[PDB]
Number of protein chains: 4
Amino acid sequence: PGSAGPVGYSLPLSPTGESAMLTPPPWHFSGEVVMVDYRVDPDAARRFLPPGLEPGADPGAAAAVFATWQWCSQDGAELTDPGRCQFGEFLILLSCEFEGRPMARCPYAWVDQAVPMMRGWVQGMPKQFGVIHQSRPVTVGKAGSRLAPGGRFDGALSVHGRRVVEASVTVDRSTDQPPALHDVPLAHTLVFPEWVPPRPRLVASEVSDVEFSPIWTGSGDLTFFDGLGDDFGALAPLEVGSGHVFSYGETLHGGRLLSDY
Amino acid sequence: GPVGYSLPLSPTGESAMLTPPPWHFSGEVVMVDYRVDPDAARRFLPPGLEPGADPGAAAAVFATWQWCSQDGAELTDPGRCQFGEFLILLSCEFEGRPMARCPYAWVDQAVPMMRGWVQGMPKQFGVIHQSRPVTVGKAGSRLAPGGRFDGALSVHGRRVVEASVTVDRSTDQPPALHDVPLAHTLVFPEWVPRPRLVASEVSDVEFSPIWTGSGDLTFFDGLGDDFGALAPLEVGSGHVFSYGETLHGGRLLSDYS
Amino acid sequence: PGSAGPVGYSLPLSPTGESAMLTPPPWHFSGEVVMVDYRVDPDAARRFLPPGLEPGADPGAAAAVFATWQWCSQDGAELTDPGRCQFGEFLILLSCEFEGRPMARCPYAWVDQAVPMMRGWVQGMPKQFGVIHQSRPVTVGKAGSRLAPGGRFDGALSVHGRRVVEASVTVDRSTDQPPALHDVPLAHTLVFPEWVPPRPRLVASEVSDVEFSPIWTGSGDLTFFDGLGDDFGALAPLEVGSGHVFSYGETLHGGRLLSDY
Amino acid sequence: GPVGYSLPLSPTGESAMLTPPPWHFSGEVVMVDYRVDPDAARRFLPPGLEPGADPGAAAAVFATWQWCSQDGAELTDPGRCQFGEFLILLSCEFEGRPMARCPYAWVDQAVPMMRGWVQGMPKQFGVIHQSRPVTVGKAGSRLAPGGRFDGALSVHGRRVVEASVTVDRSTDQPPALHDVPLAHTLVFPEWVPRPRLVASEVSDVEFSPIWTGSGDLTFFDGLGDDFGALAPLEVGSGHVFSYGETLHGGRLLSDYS
Ligand SMILES: *[C@H](C[C@@H]1CNC(=[NH2+])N1)C(=O)O
Ligand SMILES: *[C@H](C[C@@H]1CNC(=[NH2+])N1)C(=O)O
Ligand SMILES: *[C@H](C[C@@H]1CNC(=[NH2+])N1)C(=O)O
Ligand SMILES: *[C@H](C[C@@H]1CNC(=[NH2+])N1)C(=O)O
């Protein structure tokens with residue numbers, strides 16, 4: 001009501017607010033996921049947990065998650081421009097707990113589009129830019145795999161021209177049991193660098209209307225390669241477990257404060 | 001000396017950019033049938049290719065593909081086996097047999113581009129986007145009545161084509177221009193100072209059920225007056241479906257001798 | 001000294017701090033610029049000036065600025081990886097004043113790399129992602145222009161697959177007079193969206209060791225196209241003035257608060 | 001029917017992806033001379049091309065180019081007239097005359113890639129980065145003693161080559177492998193079930209002063225054992241310079257009849 005200067009949910013500010021790079025939440029997501037469960041060094045994982053987050057009930061449980069998404073705002077406007085509403089993503093997830101409640105920590109994430117990257121920082125998800133590839137199921141022809149026993153699906157991440165992660169799943173059966181780390185709240189750290197010479201906050205992403213397709217599960221394989229530094233390398237798999245292929249949706253509304261310390 | 005199906009030659013032949021056919025394709029298509037000026041279409045038909053039984057029938061075709069060679073090796077590297085594509089198709093005939101001519105095509109990966117020229121398909125490079133059906137959540141459309149699917153092509157940073165389909169029913173009737181042989185012109189520029197009309201030989205052609213509904217198509221400036229001549233006079237039905245084929249090689253229609 | 005959780009100048013946090021996407025300033029920049037001075041609707045320009053910034057001494061003075069940069073941190077480490085240390089940029093600049101002192105406001109900017117984009121938001125420069133092309137001078141052969149009378153240089157910006165801006169300069173003489181809008185402080189608005197249900201600050205970017213090559217100046221041409229919305233379109237040229245081609249360097253240290261309101 | 005120097009054919013010929021030669025090039029080069037296993041190099045030489053007077057001499061060449069046709073039209077669209085390139089060169093001879101063979105090349109734009117195959121230059125697609133000299137500020141090197149310049153190539157998301165040069169002096173001596181004719185193999189895959197050895201004809205070859213100093217070069221895995229066979233045994237001098245030429249067409253060295 002009072003406002004004088006230019007406005008907007010985000011930069012760039014403009015007289016009408018229409019120029020802003022980001023739209024206010026809620027945002028809807030619909031995606032396809034290729035995920036591998038793995039065993040991480042629990043002491044290594046612990047060092048990525050900020051104060052307030054404790055080790056998971058199974059401290060060594062981790063996951064590598066490839067996904068391709070479509071997203072839109074409440075009005076659905078972005079959906080008519082597929083170039084604007086799609087992105088690929090790779091995440092690491094670590095098991096943790098907040099006040100006794102299972103959650104996941106995402107210490108590393110990459111995406112291949114700028115809007116999702118910046119929107120990640122708004123939520124505290126530490127998204128960087130990368131090149132991200134993922135197999136898609138086919139239903140006709142021979143050039144791919146079906147969502148059926150024996151179907152194989154692969155994921156790859158490169159960053160700055162170097163291969164960082166490769167994952168594979170060969171599915172053998174369908175279940176109605178969502179993978180644990182993809183079915184708990186994510187606990188992020190909101191912090192942004194200080195330009196004029198920071199107060200981090202631990203937040204949970206608030207979601208609704210979480211939906212999974214049937215889950216196709218089988219063997220998993222996962223390989224980390226050099227090219228992201230030793231801090232990242234500490235989270236490489238000790239052992240690799242089951243892989244999972246499924247579709248996922250949710251609505252993301254905003255943050256809930258877990259601790260402002 | 002060094003060998004290979006294609007450049008670069010190498011001692012074992014492994015370095016070649018392209019592998020020998022056959023190649024398998026599995027793709028997701030968003031296609032719009034439209035009416036083109038028949039006189040404009042005729043001017044894109046080389047000798048031997050005559051106007052369709054329906055000279056004005058054309059189509060704009062967006063697709064996303066996975067492909068592989070006979071051994072399937074490319075499938076394990078999604079970054080190497082995937083590409084997006086936009087094509088124009090024109091109805092024509094050769095010796096009384098219905099076919100389609102592709103006067104323009106764009107892809108977003110180099111191997112499929114070069115492989116296109118091998119077959120005579122006139123692929124250039126572009127930026128190509130296409131809606132994907134969803135089955136969970138709210139951020140997209142289902143393959144079901146009322147589902148909408150969009151396609152866009154930009155070239156050299158300029159928007160060139162936008163298409164949309166809103167489906168209303170499923171059928172087992174493949175879109176006509178996507179179910180006839182393609183007749184290409186095999187020609188490569190002379191570097192040291194002879195075109196052939198060929199058809200792509202395919203097998204194991206497979207369609208999913210075809211979701212069909214309204215179609216919409218717009219051409220924008222940015223590719224020149226020759227291309228603009230093929231802009232729609234009227235836009236017909238749209239179709240969303242999956243498609244597979246195996247592509248084996250070429251068959252000579254004419255070498256003009 | 002006390003720190004427990006993972007750390008870093010920016011996300012992602014890590015045990016050593018090495019994983020952070022951004023490095024602390026200062027950052028050094030060395031670039032090549034193709035710039036066109038133009039006349040903007042002063043009333044339109046005014047609406048992009050937040051409280052505290054007044055219209056420029058010449059309220060209708062604006063510029064369109066294409067640049068290609070190399071950048072590095074104090075240790076110079078980024079320079080050995082050209083893919084990491086280079087980016088292209090397009091900016092709009094508007095003339096304004098703070099407490100009587102000439103400055104420039106950048107209402108819109110685009111870059112083609114993720115690190116520079118995020119670093120822009122840290123400073124309040126409203127960078128989005130785009131495709132940005134710019135001619136470079138040649139010194140041998142025929143496939144280009146020399147930095148000499150008659151030399152022509154072009155710039156183009158596309159965003160989401162649509163052409164947004166095209167500029168051209170044909171130079172006819174060399175001067176030692178830096179273009180006014182490229183030789184004054186930039187006044188940005190620091191603001192980041194609030195995730196847990198904003199306090200903007202007006203800041204100036206503090207720079208040192210500003211250096212210009214000889215300036216090649218001549219006719220300018222500039223065209224805006226649709227595809228960024230009516231707020232942006234309000235800043236299209238009424239008339240187009242001189243163009244300038246030159247090399248530029250500076251060291252960027254941090255922000256100085258102009259007003260926290 | 002429709003015409004054109006290259007596909008796609010069109011009624012006026014304007015749609016063609018490629019324009020007829022001559023084409024002008026102006027580029028900035030970062031090059032490292034190195035020693036290759038002569039036996040490995042020999043295996044990449046087709047019949048008619050014999051080992052160099054110095055069989056082990058090779059070079060790794062990074063360049064950034066602007067190009068245009070005779071009318072200069074492409075120059076006004078920087079996005080259409082610019083590309084980056086990485087090449088391997090091997091010393092060889094044809095009928096006693098020194099030449100260079102390019103067994104591998106990569107570029108980052110589609111037109112130059114296709115145009116390469118027209119000439120017989122075995123270009124593939126890659127991601128190619130190269131340092132640029134600066135003249136103001138601190139974020140780079142000057143073309144002056146102690147200046148360092150780096151090059152990198154990735155293909156399909158894997159790093160393949162890194163090179164570096166630290167210059168110490170200026171000379172008027174063009175690097176040998178960048179100052180001899182290139183001998184290519186013109187061949188295109190048969191689609192309906194005959195290579196030629198050709199040289200690229202150039203004129204108006206121009207070098208800036210050559211800044212020369214130490215060179216460093218590393219190959220990484222990621223392209224196969226054939227390519228790996230050309231990895232350096234030893235690395236020599238590096239050179240940073242500007243280069244221009246006009247490329248007119250091909251001259252037949254042999255058609256093997
Ligand atoms: C980034 C984060 C989304 C939300 N959940 C994900 N796995 N990715 C964004 O908002 O685009
Ligand atoms: C290019 C051509 C393919 C075959 N049919 C198409 N619609 N695209 C290629 O071989 O990759
Ligand atoms: C973004 C901003 C730089 C600083 N000045 C510019 N003109 N661009 C960044 O820090 O990379
Ligand atoms: C590819 C080949 C050019 C000519 N000489 C080079 N080093 N690259 C093209 O024609 O664009």
# chains A, B, ... in the order shown; residues from 1 in each chain; ligands from 1
$ interface_residues --of "chain D" --to "chain C" --cutoff "6 Å" --atoms "only C-alpha atoms" --output "PDB file with C-alpha atoms, in the first residue's frame"
ATOM      1  CA  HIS D  24      37.893 -15.885 -44.475  1.00  0.00           C
ATOM      2  CA  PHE D  25      39.178 -16.715 -41.001  1.00  0.00           C
ATOM      3  CA  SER D  26      40.725 -14.559 -38.285  1.00  0.00           C
ATOM      4  CA  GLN D  66      35.767 -15.451 -36.483  1.00  0.00           C
ATOM      5  CA  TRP D  67      34.874 -16.415 -40.054  1.00  0.00           C
ATOM      6  CA  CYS D  68      32.817 -15.035 -42.891  1.00  0.00           C
ATOM      7  CA  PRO D  78      28.732 -12.528 -33.620  1.00  0.00           C
ATOM      8  CA  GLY D  79      26.741 -15.570 -32.566  1.00  0.00           C
ATOM      9  CA  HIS D 129      37.955 -23.074 -23.455  1.00  0.00           C
ATOM     10  CA  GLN D 130      40.925 -20.778 -24.014  1.00  0.00           C
ATOM     11  CA  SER D 131      42.589 -17.899 -22.141  1.00  0.00           C
ATOM     12  CA  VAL D 136      44.052  -3.587 -18.486  1.00  0.00           C
ATOM     13  CA  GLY D 137      43.491  -4.759 -14.908  1.00  0.00           C
ATOM     14  CA  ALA D 139      42.570 -10.689 -14.218  1.00  0.00           C
ATOM     15  CA  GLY D 244      44.409 -15.324 -40.695  1.00  0.00           C
TER      16      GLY D 244
END
$ interface_residues --of "chain B" --to "chain D" --cutoff "8 Å" --atoms "only C-alpha atoms" --output "PyMOL selection string"
chain B and resi 1-2+5-12+14-15+17+43-47+79-80+103-104+110+114+117-119+122-125+156+187-193+223-224+226-227+249-252
$ interface_residues --of "chain A" --to "chain C" --cutoff "8 Å" --atoms "only C-alpha atoms" --output "ChimeraX atom specification"
/A:4-6,9-16,18-19,21,47-51,83-84,107-108,114,118,121-123,126-129,160,191-197,228-229,231-232,254-257
$ select_by_dssp --residues "range 48-243 of chain A" --states "strand (DSSP E)" --output "PyMOL selection string"
chain A and resi 54-55+61-73+86-98+101-111+127-129+131-134+152-159+162-175+187-190+201-212+215-224+239-243
$ closest_residue --among "A:172, A:221, A:37, A:183" --to "ligand 1" --atoms "only C-alpha atoms and all ligand atoms"
A:183
$ atom_distance --atom1 "CA of residue 221 in chain D" --atom2 "CA of residue 39 in chain D"
20.3 Å
$ residues_around --residues "residue 96 in chain C" --least-positions-apart "2" --cutoff "6 Å" --atoms "only C-alpha atoms" --output "PyMOL selection string"
chain C and resi 54-56+103-104
$ write_last_selection --atoms "C-alpha atoms" --output "mmCIF file, in the first residue's frame"
data_model
loop_
_atom_site.group_PDB
_atom_site.id
_atom_site.type_symbol
_atom_site.label_atom_id
_atom_site.label_comp_id
_atom_site.auth_asym_id
_atom_site.auth_seq_id
_atom_site.Cartn_x
_atom_site.Cartn_y
_atom_site.Cartn_z
ATOM 1 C CA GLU C 54 17.373 10.939 -7.465
ATOM 2 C CA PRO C 55 17.203 11.512 -11.242
ATOM 3 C CA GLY C 56 20.523 12.066 -12.937
ATOM 4 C CA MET C 103 26.016 7.402 -9.954
ATOM 5 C CA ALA C 104 24.467 4.798 -12.193
#
$ atom_distance --atom1 "CA of residue 213 in chain B" --atom2 "CA of residue 88 in chain A"
29.4 Å
$ atom_distance --atom1 "CA of residue 173 in chain D" --atom2 "CA of residue 240 in chain D"
11.9 Å
$ closest_residue --among "D:194, D:101, D:35, D:169" --to "ligand 4" --atoms "only C-alpha atoms and all ligand atoms"
D:101
$ select_by_dssp --residues "range 104-229 of chain A" --states "alpha helix (DSSP H)" --output "short mmCIF file (atom, residue, chain, number, x, y, z; two decimals) with N, CA and C atoms, in the first residue's frame"
data_model
loop_
_atom_site.label_atom_id
_atom_site.label_comp_id
_atom_site.auth_asym_id
_atom_site.auth_seq_id
_atom_site.Cartn_x
_atom_site.Cartn_y
_atom_site.Cartn_z
N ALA A 114 18.85 -21.75 -14.38
CA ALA A 114 19.16 -20.66 -13.46
C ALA A 114 18.04 -20.36 -12.46
N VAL A 115 16.79 -20.36 -12.90
CA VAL A 115 15.69 -20.07 -11.95
C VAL A 115 15.65 -21.08 -10.81
N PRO A 116 15.67 -22.36 -11.13
CA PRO A 116 15.70 -23.34 -10.05
C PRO A 116 16.92 -23.21 -9.13
N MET A 117 18.06 -22.86 -9.70
CA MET A 117 19.27 -22.65 -8.90
C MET A 117 19.06 -21.54 -7.87
N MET A 118 18.60 -20.37 -8.32
CA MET A 118 18.42 -19.27 -7.40
C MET A 118 17.31 -19.59 -6.39
N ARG A 119 16.23 -20.23 -6.86
CA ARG A 119 15.12 -20.58 -5.97
C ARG A 119 15.60 -21.54 -4.88
N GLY A 120 16.53 -22.41 -5.23
CA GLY A 120 17.17 -23.27 -4.25
C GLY A 120 17.82 -22.48 -3.14
N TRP A 121 18.60 -21.45 -3.49
CA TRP A 121 19.26 -20.66 -2.44
C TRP A 121 18.24 -19.95 -1.53
N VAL A 122 17.10 -19.57 -2.09
CA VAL A 122 16.05 -18.94 -1.29
C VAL A 122 15.60 -19.88 -0.17
N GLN A 123 15.56 -21.18 -0.48
CA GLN A 123 15.11 -22.23 0.47
C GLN A 123 16.23 -22.76 1.32
#
$ residues_around --residues "residue 155 in chain B" --least-positions-apart "3" --cutoff "7 Å" --atoms "only C-alpha atoms" --output "list in words"
residues 126, 127, 158, 159 and 160 of chain B
$ write_last_selection --atoms "N, CA and C atoms" --output "CSV table (one decimal), in the first residue's frame"
chain,number,residue,atom,x,y,z
B,126,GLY,N,19.5,-26.5,-33.5
B,126,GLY,CA,18.5,-25.5,-32.9
B,126,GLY,C,18.3,-25.9,-31.4
B,127,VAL,N,17.5,-25.0,-30.8
B,127,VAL,CA,17.1,-25.2,-29.4
B,127,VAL,C,15.6,-25.6,-29.4
B,158,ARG,N,16.5,-16.8,-31.9
B,158,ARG,CA,15.3,-16.2,-32.4
B,158,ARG,C,14.2,-17.3,-32.4
B,159,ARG,N,13.0,-17.0,-31.9
B,159,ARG,CA,12.0,-18.0,-31.9
B,159,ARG,C,11.5,-18.2,-33.3
B,160,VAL,N,11.3,-19.4,-33.7
B,160,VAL,CA,10.9,-19.8,-35.1
B,160,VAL,C,9.5,-20.5,-35.2
